[PDB]
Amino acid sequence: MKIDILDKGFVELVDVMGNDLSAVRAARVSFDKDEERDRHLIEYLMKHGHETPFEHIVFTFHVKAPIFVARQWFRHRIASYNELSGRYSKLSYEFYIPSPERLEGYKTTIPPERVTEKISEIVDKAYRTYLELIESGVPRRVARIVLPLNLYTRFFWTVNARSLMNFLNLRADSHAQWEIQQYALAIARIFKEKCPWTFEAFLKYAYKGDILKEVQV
């Protein structure tokens, strides 16, 4: 399961431990099936705020996102992150350039395409300066500081279903920046595919945002 996001971004599922029944077994503390009874229990748990059983469902995602999105993402502390660094992995340099349609709606004094062109221009210049600095023996740790906040980074994120639901409450919401809403929608889609019963109960009883009640998946 890999979903493209923005112009060069993605969310890819690496691994998953458990499913809806993992929360049911944890609640009962039994490693021991009755679909209607198990679904009823998931709804009951969610309705009455017994959220600890959902901590026993765990996901690992591989996310490629711009730094300004990652910085918001990394504010979610009840999770594990490893970000790409030059020490273990080859680095590549790509940048998020908003399309004009991202920008029309805002009343601006120049055409939205001219905005896109200006952003692409300054990114091109900053990257050229960086490469020029690296070419000259400036270490990458120093030279990278000129690079803009729309630089893509990648990370692995391991997170349990409860903390994933908190992430959606905050980021799958029209108050959040549009870019991280788009990532949260992808995260929601993957969560729904793997834990459909927990996801549906979440939407019915626990979810505090707007977008996942109006946008399917």
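All residue numbers refer to positions in the sequence shown, first residue = 1.
Missing coordinates between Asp32 and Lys33 amount to 1 to 3 residues of the deposited sequence. Mean CA temperature factor is higher for 33-41 when stretches 33-41 and 184-192 are set side by side in the entry. Averaged over Cα atoms, the B-factor as recorded in the entry is higher for 99-107 than for the other of 99-107 and 71-79. Sort the modelled residues of the chain by CA B factor and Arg28 lands in the middle third.
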